[PDB]
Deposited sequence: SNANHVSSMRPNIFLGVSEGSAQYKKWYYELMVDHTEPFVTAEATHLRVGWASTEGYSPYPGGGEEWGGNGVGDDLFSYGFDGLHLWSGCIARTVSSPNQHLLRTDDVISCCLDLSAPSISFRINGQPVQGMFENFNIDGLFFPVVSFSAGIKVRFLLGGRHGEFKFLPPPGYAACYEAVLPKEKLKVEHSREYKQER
């Protein structure tokens, strides 16, 4: 299991914050046991290093208390699966488009699948740190972030009040993979 993320970091501050609600999509270009989870993680989940260093771990989305993932059937956090429902329900597969929503004002993390709402969302979790889009996947799986911006246009309209993640570009994708 590998992971990818863009360099987009969203969070609370004491400055101007016209947008507290953030949206992106993931397109699944190819799927062939397997793993494919998408959602968000916080920098509070970084691994500590000597001298105060903190590093992204690149682990499975929802396999700790700092990340929040959807796989088509379940929501994941803290290594535990919650069952959710949707129309036409399936584990993620080729040509699925997953919408990911982060509402820092609620707080909530919620999803759509091929434009339809997933019934069940994350609530009652902390919003310490900065949040980033993130996906994790087993071998051979091909996915793309659609962040907004001319090279990653959305397939669906963001919900009212939501901003494209591309607007928070202060754009690169990082991929973490096992070495061995």
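**Q** No C-alpha coordinates anywhere in a stretch? Then put that deposited-sequence range on the list, in order along the chain.
**A** Missing C-alpha atoms (numbering from 1) occur across the ranges 1 to 5, 38 to 43, 182 to 185, 196 to 198.
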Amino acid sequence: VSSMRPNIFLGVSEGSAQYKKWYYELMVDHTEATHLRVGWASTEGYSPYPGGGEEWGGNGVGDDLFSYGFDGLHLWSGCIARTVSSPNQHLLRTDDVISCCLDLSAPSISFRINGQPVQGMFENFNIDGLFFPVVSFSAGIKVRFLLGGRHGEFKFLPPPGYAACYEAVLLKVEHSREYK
From here on, numbers count along this sequence of modelled residues.
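**Q** Do the CA atoms of 158 to 166 or those of 10 to 18 have the higher mean B-factor in the entry?
**A** Per the PDB entry, the higher value belongs to 10 to 18.
**Q** When the Cα temperature factors in the entry are averaged, is it 56 to 64 or 143 to 151 that ends up higher?
**A** For C-alpha atoms only, the mean B-factor is higher in 143 to 151.
**Q** Which one of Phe137, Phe132, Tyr49, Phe70 shows the biggest C-alpha B-factor in the PDB entry?
**A** It is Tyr49.
**Q** Grab the CA temperature factor for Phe125 from the record and place it in the lowest, middle or highest third of its chain.
**A** Highest third.
**Q** When the deposited Cα B-factors of this chain's modelled residues are ordered and cut into thirds, is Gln116 in the lowest, the middle or the highest one?
**A** Middle third by C-alpha B-factor.
**Q** Which third, lowest, middle or highest, does the C-alpha temperature factor of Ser99 belong to within its own chain?
**A** Answer is lowest: the recorded C-alpha B-factor places it there.
**Q** Based on the entry's values, in what third of the chain does the Cα temperature factor of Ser105 lie: lowest, middle or highest?
**A** Highest third, going by the recorded CA B-factors of the chain.
**Q** Going by the recorded CA B-factors, say which third of the chain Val38 sits in, lowest, middle or highest.
**A** It belongs to the lowest third of the chain when residues are ordered by C-alpha B-factor.
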